[PDB]
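Participant:
2 protein chains.
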Amino acid sequence: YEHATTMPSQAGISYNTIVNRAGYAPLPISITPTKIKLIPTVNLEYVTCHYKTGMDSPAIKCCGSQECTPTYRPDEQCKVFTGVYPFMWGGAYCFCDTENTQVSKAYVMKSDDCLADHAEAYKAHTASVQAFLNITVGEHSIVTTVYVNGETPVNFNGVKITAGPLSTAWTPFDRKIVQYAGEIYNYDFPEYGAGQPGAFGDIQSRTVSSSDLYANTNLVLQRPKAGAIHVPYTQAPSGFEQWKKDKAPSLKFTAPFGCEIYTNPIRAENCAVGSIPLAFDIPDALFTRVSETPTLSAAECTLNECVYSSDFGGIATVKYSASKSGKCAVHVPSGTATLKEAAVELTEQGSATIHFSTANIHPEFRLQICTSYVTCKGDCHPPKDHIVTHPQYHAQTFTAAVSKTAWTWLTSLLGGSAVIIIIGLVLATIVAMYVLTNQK
Amino acid sequence: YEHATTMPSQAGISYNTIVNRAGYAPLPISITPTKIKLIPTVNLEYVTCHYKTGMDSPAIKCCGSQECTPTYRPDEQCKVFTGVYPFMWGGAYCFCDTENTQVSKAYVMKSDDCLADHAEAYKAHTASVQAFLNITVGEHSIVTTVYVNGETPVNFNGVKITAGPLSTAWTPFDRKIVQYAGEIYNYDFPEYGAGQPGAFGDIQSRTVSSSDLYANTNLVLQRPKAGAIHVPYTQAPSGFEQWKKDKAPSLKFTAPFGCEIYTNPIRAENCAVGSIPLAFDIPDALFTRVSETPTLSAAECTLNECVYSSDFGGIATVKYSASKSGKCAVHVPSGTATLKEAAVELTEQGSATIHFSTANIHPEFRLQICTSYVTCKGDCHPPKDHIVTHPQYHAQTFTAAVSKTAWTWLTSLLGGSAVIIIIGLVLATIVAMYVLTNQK
Ligand SMILES: *[C@@H]1O[C@H](CO)[C@@H](O)[C@H](O)[C@H]1NC(C)=O
Ligand SMILES: *[C@@H]1O[C@H](CO)[C@@H](O)[C@H](O)[C@H]1NC(C)=O
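Heads up: the sequence lines are chains A and B, in that order.
Quick note: the first sequence uses full-length UniProt numbering, first residue 813, plus one each step.
Quick note: the second sequence uses full-length UniProt numbering, first residue 813, plus one each step.
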């Protein structure tokens, strides 16, 4: 037997359904999503950290001249200044008043703390969805991780279940993300080899331990102060620190649908968007006979009280006279009510209590028990709390909240609108016939 | 200055261009794609090898009975055969004619050679195009690897180059691929937990070193032969061996566009499909005035000998009277002829030889020397050989193969037909005017 359903993607809320064969005992199915994970495929672009301007010692040549060598270091600047008179603690370092040269070098490398304080730039695409499910089909239970691609099956006790694909391709991450301090930022970082001074990614390394290091920090060299041995430089401040000074809240606080953003692996959790289409394949062996299950006779539904709150605010009692005791499946085929439980113990004679949640002011729902179908009615009242802390446990309709009062003052006005028109047409036809009969 | 162009995605064939500023010297561009890679993103979900049916030694009980241990191993199953009379080498094992029970159980493991002789199943999507480009602008050259995404820039001598994205999204790998022995197959394998006996993936392991193994081989235990201690079993022949027997040629032999599929990483190299858009950002310091480059005047092109073969069949010469010697660029702006080189040495006076490849019988091509522009004309002969081992070095138009005789015949038939129509219309108008004039 092939069954199909569509469970909304909402973690922590059970989904109970029933499989009714033509002449066999109903089969209860329950799916409880404990966690739904959306894991994008991220590849590392580069890693950024604070830079250190490691600068070589000034080489001073007295009474002579020097030349500069490249030395091939990241963003290295080498310059020779002519006319220096350096001073040490011991006195004048050089014995020529002029024509003394001082060559100074200044390069940049990753800071000593880049092994811990760094931000990784990722590119995200083709997100994959996984879901932790507690499944119960015909008393056969399982707790498993199912990939929400529509094709990967999870199988147990001969029953196969294929979940997904998710109805939406929406993902909280853009094409470029920045992970820093275990917290994902939705940033449009510069490409490798295209960083700019004073902004994120001014220095870029392909990997934390990679030897290569692109560096564009606008480093220049200034003339040393007279009578001083040092390498003066003026470069734009660190782009990593500037980015951290103003980076906006992360996706933990800005992602739509209330997604929870986690790292290692970069994933989103409990995104309340879309629905997962479930496909069950139940072998014919699991469908038992009708006589084995209890058969219900002379059952009626009484709605003790109904309050259309988010949680299970409605309660009903079914007066039943069953053929025998045992487990019995209960369901509501309509979408006007959702039962808390998909099964109930049943005796030979008595009353069964059923908890349900609804959004109707006046419920008219066709409850189903072991085999019979009992219509359950009543009225509901508004709940006593304005704001709650749990999501809605049911689904509403556009005509759910229209009470009998609204129906009366909508039908009387619209019906009365038509009645007067019909009266007018009838009078017009009658007088027209009378006029034609007046013609001699 | 920003220059946007396109380049055919054909490895080996050099692409030559000239950028022309308003009053500055023309600047040459030469891009040689040595190798183009198309690398899909692959996720490994399982591996498959030959299985080994392990069997526990039978547990024999004389005048007794035994019970089956619960199954805990891949495809493991147990059976207790009653009424056995085992018969070892040292006579009968049991002194008990009947009520002797032999427990025989079997299961499936990976073969001892699964570390080397295994095929791994991948899911491929979102191919990432890469290229190896040797680029030359303004006598400055660089050989590098360019990611053909439309954003990653390559920097050299202050010049930005951005290649891509590829004009087509075609990839040779299907959604599901299989890698075995360095060869890639487009196989729609069953996914993990859905392997079938006797076919590829009958036994599945998430990784090579993973301790999990899904086995489905129709392992069935049979009753032992009388007086024999052994575990007789029956199962479908290994699906990996069956797949190896008839798996069809790998992608290396069946891929369109002449792709070369390699492994580690799984990639397709040198596919003759699509075109690569190129964008150069050239700093204005590279452009030099026309005075610096050797200006040229009083030049003409004579076509020495033209044959419209795939290679550089045509040879021409230009008689030049240059102001001074030096480098000077040459290029055909149109697509009716592709030059062999992009620069030539010019003396004070003389003649310079040019090699070009053309596809038209009569090449009327508007050659562009670095300063003077010469229209070069002639006739071509067909090549001698029917088949060559080189690809086509030129681009042909729909009207390039039409000879002068065909043009005369078409402009005769069409054209003269319209002239005959025009004569008839003129005669009709003239006689209509004549008959209207004769009203009186
Ligand atoms: C399903 O299993 C999860 C995890 O063990 C548990 O939190 C949840 O209450 C279970 N649900 C049912 C209906 O057993
Ligand atoms: C570019 O470099 C490659 C590798 O060194 C070489 O094979 C090729 O001929 C070069 N192209 C040009 C135009 O020099």
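Think of the CB as a built atom: it goes at the ideal place given N, C-alpha and C, for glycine as much as any other residue.
Closer than 8 Å is the cut-off here; do at least three beta carbon pairs connect the segment 920-929 of chain A with the segment 947-956 of chain A?
Facilitator: Segments in contact, no.
Participant: State the CB to CB distance for the pair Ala933(B) and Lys988(B), rounded to an integer number of angstroms; the pair is presumed to be in contact (CB under 8 Å).
Facilitator: For the purposes of this step, residue 933(B) is identified with residue 121 of the second sequence, where counting begins at 1. For the purposes of this step, residue 988(B) is identified with residue 176 of the second sequence, where counting begins at 1. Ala933(B) to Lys988(B), Cβ: 7 Å. Contact.
Participant: Among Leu1063(B), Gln1047(B) and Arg1079(B), which residue has its Cα nearest to the Cα of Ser940(B)?
Facilitator: Reading the second sequence from its first residue, position 128 is the one you call residue 940(B). Nearest of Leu1063(B), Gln1047(B) and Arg1079(B) to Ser940(B), Cα basis: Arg1079(B).
Participant: Return yes when the C-beta of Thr956(B) is under 7 Å from any heavy atom of ligand 2, and no when it is not.
Facilitator: As a working note, residue 956(B) is residue 144 in the second sequence. It does not: the Cβ of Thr956(B) is nowhere closer than 7 Å to a heavy atom of ligand 2.
Participant: For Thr910(B), which residues in chain A fall below 8 Å Cβ to Cβ?
Facilitator: As a first step, residue 910(B) is located in the second sequence; it is residue number 98 there, counting from the start. The premise fails here: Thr910(B) is roughly 35 Å from chain A at the closest Cβ pair, so nothing lies under 8 Å.
Participant: If we cut at 8 Å on Cβ distances, does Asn1030(A) have a partner in chain B?
Facilitator: Residue numbering aside, residue 1030(A) sits at position 218 when the first sequence is read from its first letter. It does not: the Cβ of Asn1030(A) has no partner Cβ on chain B nearer than 8 Å.
Participant: I'd like to know whether the C-beta of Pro965(A) is nearer than 8 Å to at least one C-beta of chain B.
Facilitator: Stepping through the first sequence from its first residue, residue 965(A) is reached at position 153. Answer yes: the Cβ-Cβ gap between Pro965(A) and chain B drops below 8 Å somewhere.
Participant: With 8 Å set as the bound, which would you pick, yes or no: does the beta-carbon of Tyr1004(A) sit closer than that to a beta-carbon of chain B?
Facilitator: Here residue 1004(A) refers to the residue found at position 192 of the first sequence. Answer yes: the Cβ-Cβ gap between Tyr1004(A) and chain B drops below 8 Å somewhere.
Participant: Does the beta carbon of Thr983(B) sit closer than 8 Å to a beta carbon anywhere in chain A?
Facilitator: Sequence index remark: in the second sequence, residue 983(B) carries index 171 (1-based). So no, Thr983(B) is outside the interface.
Participant: Just the chain A side, please: which residues come within less than 9 Å of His1193(B) by C-beta, in chain order?
Facilitator: For the purposes of this step, residue 1193(B) is taken as the residue at position 381 of the second sequence. Correct list: empty, because the minimum Cβ distance to chain A is about 50 Å.
Participant: Could one say the Cβ of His1143(A) lies closer than 8 Å to chain E's Cβ atoms, at least one of them?
Facilitator: Protein chains A and B are contained in the structure displayed, whereas chain E is not.
Participant: Our contact map puts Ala1048(A) next to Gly1005(A) with C-beta atoms below 8 Å; I'd like the distance itself, whole angstroms only.
Facilitator: Here residue 1048(A) is taken as the residue at index 236 of the first sequence, counted from 1. Here residue 1005(A) is taken as the residue at index 193 of the first sequence, counted from 1. Going by Cβ atoms, the distance from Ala1048(A) to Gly1005(A) rounds to 18 Å, so no, they are not a contact pair.
Participant: Along the alpha helix (DSSP H) that carries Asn912(B), what are the first and last residues, could you check?
Facilitator: Residue mapping note: residue 912(B) aligns to position 100 of the second sequence, counting from 1. Premise fails: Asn912(B) is in no alpha helix (DSSP H) and is neither H nor E.
Participant: In this structure, does DSSP put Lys1056(B) in helix, strand or coil?
Facilitator: Taking the second sequence and counting its residues from 1, one reaches residue 1056(B) at position 244. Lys1056(B) falls in the helix class under three-state DSSP.
Participant: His1206(B) versus chain A: which residues are under 9 Å apart at the beta carbon?
Facilitator: If you number the second sequence from 1, residue 1206(B) lands on position 394. Here the premise fails: no neighbours, minimum Cβ distance about 35 Å.
Participant: Can you determine whether any heavy atom of ligand 1 sits closer than 7 Å to the C-beta of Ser842(A), and answer yes or no?
Facilitator: Here the question's residue 842(A) lines up with position 30 in the first sequence. Yes, ligand 1 has a heavy atom inside 7 Å of this Cβ.
Participant: Within the continuous alpha helix (DSSP H) that includes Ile1235(B), where are the two ends?
Facilitator: Taking the second sequence and counting its residues from 1, one reaches residue 1235(B) at position 423. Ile1235(B) -> alpha helix (DSSP H) spans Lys1216 to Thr1249.
Participant: For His952(A), go through chain B and note every residue whose CB falls closer than 8 Å to its CB, in chain order.
Facilitator: Your numbering for residue 952(A) matches position 140 in the first sequence. Within 8 Å Cβ-Cβ: nothing; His952(A) doesn't reach chain B, min ~16 Å.
Participant: Below 9 Å on C-beta distance, what does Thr1148(B) contact in chain A?
Facilitator: Residue 1148(B) sits at position 336 when you count from the first residue of the second sequence. Ordered by position in chain A, no residue passes the 9 Å Cβ test against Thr1148(B), which lies about 38 Å from the chain.
Participant: Residues in the same chain with beta-carbon distance under 6 Å from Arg885(B), minus the five sequence neighbours each way, listed in chain order, please.
Facilitator: Looking up residue 885(B) in the second sequence gives position 73. The answer, listed in chain order, is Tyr919.
Participant: Quick check for students: name the residue ranges of the beta strand (DSSP E) that lie wholly in the segment 997-1075 of chain B, counting only runs of 3 or more.
Facilitator: Complete beta strand (DSSP E) runs here, min 3: 1072-1074.
Participant: Strictly below 9 Å CB to CB, what residues from chain A border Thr853(B)?
Facilitator: Here residue 853(B) refers to the residue found at position 41 when the second sequence is read from its first residue. Chain A residues near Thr853(B): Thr853, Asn855, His937 and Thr938.
Participant: Is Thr1150(B) near ligand 2 - that is, is its Cβ less than 7 Å away from at least one heavy atom of it?
Facilitator: The count along the second sequence starts at 1 and reaches residue 1150(B) at position 338. Not under cutoff, so the answer is no.
Participant: In whole angstroms, give me the CA-to-CA distance for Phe968(B) and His862(A).
Facilitator: Taking the second sequence and counting its residues from 1, one reaches residue 968(B) at position 156. Taking the first sequence and counting its residues from 1, one reaches residue 862(A) at position 50. One C-alpha to the other measures close to 26 Å.
Participant: Is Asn946(B) near ligand 2, with its Cβ less than 7 Å from a heavy atom?
Facilitator: Here residue 946(B) is taken as the residue at index 134 of the second sequence, counted from 1. Yes.
Participant: Note down the Cα distance separating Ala1040(B) from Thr883(B), rounded to an integer number of angstroms.
Facilitator: The residue labelled residue 1040(B) in the question sits at position 228 within the second sequence. The residue labelled residue 883(B) in the question sits at position 71 within the second sequence. For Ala1040(B) and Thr883(B), the distance between alpha carbons rounds to 25 Å.
Participant: Would you mind working out which of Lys972(B), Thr1029(B), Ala1218(B) and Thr881(B) sits nearest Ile841(B), comparing C-alpha positions?
Facilitator: Taking the second sequence and counting its residues from 1, the one referred to as residue 841(B) is at position 29. Nearest C-alpha to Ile841(B): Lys972(B).
Participant: With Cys1113(A) as the anchor, note down where its beta strand (DSSP E) starts and where it stops.
Facilitator: As a position in the first sequence, residue 1113(A) is number 301, starting the count at 1. Counting along the chain, the beta strand (DSSP E) containing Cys1113(A) begins and ends at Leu1108 to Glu1117.
Participant: Put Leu1098(A) into one of helix, strand or coil per three-state DSSP.
Facilitator: The count along the first sequence starts at 1 and reaches residue 1098(A) at position 286. Looking at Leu1098(A) - three-state DSSP - the assignment turns out to be helix.
Participant: Cα separation between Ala993(A) and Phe1052(A)?
Facilitator: As a working note, residue 993(A) is residue 181 in the first sequence. As a working note, residue 1052(A) is residue 240 in the first sequence. Going from the Cα of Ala993(A) to the Cα of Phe1052(A) covers about 13 Å.
Participant: Skipping 5 residues on each side, what residues in its chain have a beta carbon closer than 6 Å to that of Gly1013(B)?
Facilitator: Reading the second sequence from its first residue, position 201 is the one you call residue 1013(B). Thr860, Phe1001, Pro1002 and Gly1007.
Participant: Between the alpha carbons of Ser1050(A) and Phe1168(A), how many angstroms are there, rounded?
Facilitator: Working through the first sequence from its first residue, we reach residue 1050(A) at position 238. Working through the first sequence from its first residue, we reach residue 1168(A) at position 356. Roughly 60 Å between the two C-alpha positions.
Participant: Is there contact here, the segment 814-826 of chain B with the segment 1084-1100 of chain B, by at least three beta-carbon pairs under 8 Å?
Facilitator: A contact exists between the segment 814-826 of chain B and the segment 1084-1100 of chain B.
Participant: Pick from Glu888(A), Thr913(A), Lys1059(A) and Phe907(A): whose alpha carbon is nearest that of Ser877(A)?
Facilitator: Taking the first residue of the first sequence as position 1, residue 877(A) is located at position 65. It is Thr913(A).
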